[PDB]
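Examination of the molecular architecture
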Amino acid sequence: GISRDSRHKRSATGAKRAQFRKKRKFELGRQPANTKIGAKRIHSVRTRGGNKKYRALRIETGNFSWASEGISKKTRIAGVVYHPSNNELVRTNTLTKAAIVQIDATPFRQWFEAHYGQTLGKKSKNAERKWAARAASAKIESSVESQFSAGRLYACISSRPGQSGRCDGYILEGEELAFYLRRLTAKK
Amino acid sequence: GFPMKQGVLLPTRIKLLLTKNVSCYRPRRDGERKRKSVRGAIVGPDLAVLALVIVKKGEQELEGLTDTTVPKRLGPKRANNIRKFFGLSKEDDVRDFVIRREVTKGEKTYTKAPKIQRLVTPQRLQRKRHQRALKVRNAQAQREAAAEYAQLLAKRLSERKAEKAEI
Amino acid sequence: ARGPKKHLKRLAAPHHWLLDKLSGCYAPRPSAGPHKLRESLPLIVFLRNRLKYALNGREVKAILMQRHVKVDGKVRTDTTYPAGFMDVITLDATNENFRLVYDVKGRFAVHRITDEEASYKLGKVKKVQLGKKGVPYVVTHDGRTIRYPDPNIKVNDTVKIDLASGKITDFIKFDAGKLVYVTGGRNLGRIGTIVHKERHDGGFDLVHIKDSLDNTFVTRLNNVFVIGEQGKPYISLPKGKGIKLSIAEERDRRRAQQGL
Amino acid sequence: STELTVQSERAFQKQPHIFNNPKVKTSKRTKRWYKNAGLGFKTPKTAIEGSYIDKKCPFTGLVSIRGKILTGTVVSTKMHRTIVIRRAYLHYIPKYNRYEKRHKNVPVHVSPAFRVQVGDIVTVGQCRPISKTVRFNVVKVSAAXXXXXXXXXXX
Amino acid sequence: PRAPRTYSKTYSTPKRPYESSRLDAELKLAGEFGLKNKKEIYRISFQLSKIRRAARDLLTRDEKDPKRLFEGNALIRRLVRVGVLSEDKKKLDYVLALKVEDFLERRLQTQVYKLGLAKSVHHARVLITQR
RNA sequence: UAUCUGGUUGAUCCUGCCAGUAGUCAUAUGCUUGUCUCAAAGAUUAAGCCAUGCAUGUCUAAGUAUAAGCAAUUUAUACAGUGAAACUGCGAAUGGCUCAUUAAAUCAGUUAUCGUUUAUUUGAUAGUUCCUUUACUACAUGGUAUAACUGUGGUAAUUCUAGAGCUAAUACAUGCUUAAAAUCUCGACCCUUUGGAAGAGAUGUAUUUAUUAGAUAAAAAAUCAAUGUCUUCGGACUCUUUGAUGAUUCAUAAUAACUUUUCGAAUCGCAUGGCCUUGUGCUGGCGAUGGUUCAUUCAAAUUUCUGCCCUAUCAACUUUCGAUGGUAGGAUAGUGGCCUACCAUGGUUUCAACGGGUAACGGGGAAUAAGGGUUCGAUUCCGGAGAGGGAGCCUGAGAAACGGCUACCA
RNA sequence: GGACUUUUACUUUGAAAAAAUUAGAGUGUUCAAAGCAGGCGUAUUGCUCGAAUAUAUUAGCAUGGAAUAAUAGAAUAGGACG
RNA sequence: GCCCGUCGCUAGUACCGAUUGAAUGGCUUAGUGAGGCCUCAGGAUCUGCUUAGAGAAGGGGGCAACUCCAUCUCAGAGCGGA
């Protein structure tokens, strides 16, 4: 199959290389899953020396972390809108690492509104104790709240769905969120 | 002599790539596939033999068929297979209800019974109990050893404070 | 080349085993285990080529199958068991107790020891490394992994083990002036107290050594095994104690005992 | 090489995991990670002061200097963040008992922590394969610019 | 795939083939020591040649050199044990001296004649070879 | 072990070749061939083609025996002797054979993995597995579905196998369980104090992400938002723990989570007792096979530095359809233009690139003896490559295998 | 342990360095080519020596040298130390 | 005396040459393109989860109300698996 040796190819000097030995199994390369979105289907590839990868094709939910909240919610993924390698992975909503998706933005709400009582956008005793204890730490950020309003949160995929079978990523923040914002609305 | 094969359609013969555990092919090596000819599952004139099954009884007896009868050569060998072959419910001592076969050794009459597997026995319970016992024992073992290393580092820190007070 | 090399061509087989050139096309491939291939010694070579307690390897296998041999405790019925350095071979019949150890010719010596001395082992640590659930572990040269050691123990520190069980006792640190046994090189078999460790960061630490005869040699921090204090080892050294007689002196001593 | 822009690629340029929080008011803006390659190679000031990203940077990236440590003369600086150096040597031929001039051009990755030009005798350390022809990384610019200002004009 | 049953030859052989004088000398040696082939001269003179070789090799070394010590006096023990080298002239310069005669006159062939038991070197040959 | 000699002239001294002369682990062929030991051997040309036979199979007290098997006898009415077949397990990826291809490839000496996989062996390694959780979930142990076998059969023809009837598991597929503890959360009520609290939830390991601890360069202070421990109620806060490396984002640990849920024993043989609350209650001996993570070992894969024969009647070569590099992914067991997408225009070269040649596998080595050299190495040791050519791949720890399959060409 | 260092060729000693080969020590395979054996009493109940050393040249490492021979330095002083 | 070239005879070798000649080998365009591998679909059959009718079994333990665990069978509705 796909053979990731260097024994083909030219030498840096430019010379063309002969054919010493034949294709060896241990230098194989398998096809790109080209993982898609929606309805979990995951096939496991038998890799080298036992051990399995979980080639995922179609994935609707991933575990996404909020870097500045120390939490992670399993949310519903809703399409790619940017990818630094190819725009085909965006037009096709193909899920790869480093890809930028928009996620459910509703478990993060239900968590945040039940941790501050501040509620994004725009009575109990112990609960109010905890809320008063907190606050002075809930300014969020213009872009993350504005993200909340529409109900879709920019995240950046960080796991490898072809490999792991996971579609985990992180909510964007700071200069990175700024970069992808800029880069995103500019190309419309 | 070529065989048919359920779900290939065609009243013809097709050469198919056959694998483990599938009709008309018994492998000869670990993961050894083989492409062999096979006859379609659609009955035609090219057939020498047709494998049929009686599903509903007729209005007449059939000679070497309906008339004569022949018994299942074997009987239940596993525990619950016996129990539920007779529908005994888990109690009724399954060491009796197992069918025994008489073979006659000329002038000796032998009674041979199977070997009831998956039966709950004194030795199996002895083993299970040994497993739990051993697990718990080594659990507390490693706990205590952990405690003793903890104390080692403790009265190591003690000599730390002692020697550091010395100067 | 397609998989595990399961044979051993008798000509490749390590020379310190002392096998004869002719008569044979194969040798006992050391099985997997505690000792590296070319620094082990198959129980067939021991119970036959050194102990002469056999002829046919078949007799060897039979002997072993009647449990009449055991290494550091366990019986061991692997005909080509990879036994080696610092190990303890016990023979209940014969009442013999052996420690596998190097002479000075860097071979393997038929060394007999007490039944008492045959229940502790020296073991150079190869790694002091933290383990899972916090449990720190030391792993010595003979594959032995012992948990809960001593924060005073670091790499290359030798170790005395209960053998009967798996616990480290008094450990000998790697300092200047500690009696050292050389395991590898053409200065192996020798012994000599440590002089000075040339460092060289990530480049094989040389070890300067001087024996009990005022002779000096260097080696590397790999082939170096610590075994005590000057004059004061911890185990039974063989007849020569690693002084390496020169060729002429050997010509002298072997012709010194001359009169029948 | 790099210079300016730093963020000048389709993907965001960030050092892995080195997180800094927007809630946390800061004067440093972005928290930075660095180390030292070992072997007494002083991690240069411009590597810690720097603003670049290079994950192949030995001092502020995710590679490791190990194995052979070599030196050579710089014959090429064209490719971005990577140069070509020429180690010369003499090969002993016994039959004529004489050493003959020879050389080799090693391709070596150069972090944007240096200011390398053609000529600067330089010291590089082997690492992992980072490219098709790269196995070393510049770890000390021994020379300078070879008395280049010395050739000037009048008054 | 076995170990090689190694070997070597035991004789060198004259460069010039038809030098009358050496044919004379060699033939004399034959009719004096009762030899068979001219190979029993070549062989012995070749053995001797390797001996002389090692000898002049050592001679160049520094005196009382380790190898000159051990191997020099070893070869000395060697050439003495048989009766080729004299206990008198027993210091390797004489092994550089030497001659083929000293090897010839030491054969069992020769010594079974040297004190009777023969009367002629040929009866020595026959009697030896006949059990 | 530093040796020459014959042939140019009428005769001479030269240059210079020719011929002689000696060896060859160097083949062949010719004539003759008695004795002991040692015994290389279809490489060269045709890695051309092959009749027939044989060369990989394997069982311990210890996974499966209702053979309608043989034998008995000591019992052994569940089995227990031995044991064809068949299942299951492991092996067949070693070994042998050839030297075709192969010239910076292989190989070598020297390196690297802080760049990966590894059956095995070896030494370690697992109290949590259920769930609104008093009228409870088999664990005194849950589900079948198959061979062998019996039976009916098909074909000229193979280790071809079809329809039907049975039946095993350390095979297939499921699935209960065990002490304390404290920590992170939620919190019903009471009461405003300076603030506390029932008892409800989460906490094995593995998986994937994100965050954090992983100090240590010599020493001190003010403040902000959090917020811990003891009250000598203005407050202090003292003893406060720190692994490895030349080097890490290493080992190791924490939090928030995620998983068509990894593993955590429904396994087998010998014994068959200890103790009473006499329940067929409750414990308990030795060792076999398995079982996740770590180490270990046998390994493997890429890898640094330097080193090849002839050739210029080969001087430029590399970017077609990767050539040199940057970014990002994808793919790998993992590094990497290994592949893709974008971007740049780079890379080798008279210190001979690139190309051609080789009747070239590389090395240990071998033949020839002043020295320096020369020539040789298919071939008993190591490393590589192939099994008529090519590609493809199953199985598996490991094969791009060929006494494996699949396709194409011969 | 913090803080910095002109780069080399050359030579020295050393480490790392499979065995077979080779050079070569011991041992009378009756001799020799070989082999790594063997040699001793108490030969009716063990005693015992061995299975060496060397070469292993280029390149990498380690180190002693400081001649020979290259290299870099302060002249628009943009020098040296404090 | 020696001696050069054309020309003539026999034998051998190599060269130029219509045939745009012929043969083996390695690479390679373009077109066609088997095979297994990944992948969108497929669904002979063959079990299975959840919603329930029509007959019996087994009892959380009651004078009448009340109620738990495993198992087998078909007229009949959803959530998928090989």
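Residues numbered from 1 in each chain as written, not as in the entry; some residues may be left out. Chains lettered and ligands numbered in written order. Part of a larger assembly, values for the part shown. Heavy atoms only, no water. Residues with missing side-chain atoms left out of burial classes, pairs and counts.

- X-ray crystallography is the method the PDB entry states for this structure, with the resolution given as 3.3000 Å.

Description of the sheet that holds strand β5 (residues 136–141) of chain D
Residues and elements named next belong to chain D.
- Ordered in space as β1-β2-β3-β5-β4, the 5 strands form a closed barrel in which the pairing is mixed. Strand-to-strand twist across the sheet, computed as the mean angle between neighbouring axes with direction ignored, equals 50°.
- Sheet topology places strand β1 (residues 69–76) next to strand β4 (residues 122–126); 4 bridges connect them, and they run antiparallel. Each bridged residue has a counterpart across the sheet, and for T71 the counterpart in β4 is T123. (Pairing = 2+ DSSP bridges. Helix = DSSP H or I, 4+ residues; strand = E, 2+ residues; numbered from the N terminus. Axes fitted to C-alpha atoms, helices over the stretch in contact; angles between N-to-C directions.)

Structural notes on empty space enclosed by the protein
- Considered as a void within the structure, the largest cavity measures approximately 80 Å³ in volume.
- Residue lining of the largest cavity: 13 residues in total, with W66, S68, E69 and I140 of chain A together with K23 of chain D positioned closest to the centre.
- Looking at the lining of the largest cavity residue by residue, the classes come out as 6 nonpolar, 3 polar and 4 charged.
- Both of domain 2 (31–105 + 152–188) and domain 3 (106–151) of chain A provide at least three residues apiece to the lining of the largest cavity. (1 Å grid on protein atoms, 1.4 Å probe; cavity = no way out; pocket = protein on both sides within 12 Å on 5 of 7 lines; lining within 4 Å. Points joined across faces, edges and corners; volume = space filled by probe spheres on them. Nonpolar A, V, L, I, M, F, W, Y, C, P; charged D, E, K, R; others polar. Domains from an automatic or database assignment.)

A closer look at the domain arrangement of chain A
All names here are of chain A.
- Segmentation of chain A into domains returns domain 1 (1–30), domain 2 (31–105 + 152–188) and domain 3 (106–151).
- Between domain 2 and domain 3, the residue contacts involve 19 residues of the former and 15 residues of the latter.
- With both sides pooled, the region where domain 2 packs onto domain 3 buries about 1,500 Å², and carbon together with sulfur makes up 66% of that total.
- Across the domain 2-domain 3 interface, the total number found is 0 salt bridges.
- Along the contact surface separating domain 2 from domain 3 lie 3 residue pairs in polar contact.
- Those elements that provide at least two residues to the side of domain 2 that touches domain 3 are β5 (61–66), β6 (71–82), β8 (153–157) and α5 (175–185). (Contact = heavy atoms within 4.5 Å. Buried area = accessible area lost by both parts, 1.4 Å probe. Salt bridge = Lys/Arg side-chain N within 4 Å of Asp/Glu carboxyl O. Polar contact = N/O pair within 3.5 Å; in protein donor to acceptor, adjacent residues only side chain to side chain.)

Some points on a nonpolar patch on the surface
Residues and elements named next belong to chain B.
- A surface patch of nonpolar side chains, about 380 Å² in accessible area, is lined by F85, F86, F97 and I99.
- Within the fold, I99 resides in the loop between α2 (79–86) and β3 (101–104).
- Look at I99 and you get exposed, because its relative accessible area is 52%. (Patch = residues over 30% accessible without salt bridge, like charges linked within 9 Å, V, L, I, M, F, W, Y side chains within 5 Å. Areas by Shrake-Rupley, 256 points an atom, 1.4 Å probe, with all protein chains shown as cover. Buried < 20%, exposed > 50% of the residue type's maximum accessible area, 1.4 Å probe, protein only.)

Some details on the arrangement of the chains
- Of all 4 pairs of chains that touch, the greatest number of contacts is found between chains A and D.
- Nothing in chain B touches chain D; the tightest C-alpha to C-alpha distance between them is still 32 Å.
- Where chain D comes nearest to chain E, the C-alpha atoms are still 24 Å apart, and the two do not contact one another.

So, the side chain of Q15 of chain D
All names here are of chain D.
- Within the fold, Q15 resides in the segment before α1 (45–49).
- With a relative accessible area of 12%, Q15 lands in the buried category.
- A polar contact is formed between the side chain of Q15 and the backbone nitrogen of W33, at a distance of 3.4 Å.
- Aside from chain neighbours lying at most four places away, what touches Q15 is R32, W33, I53, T60 and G61.

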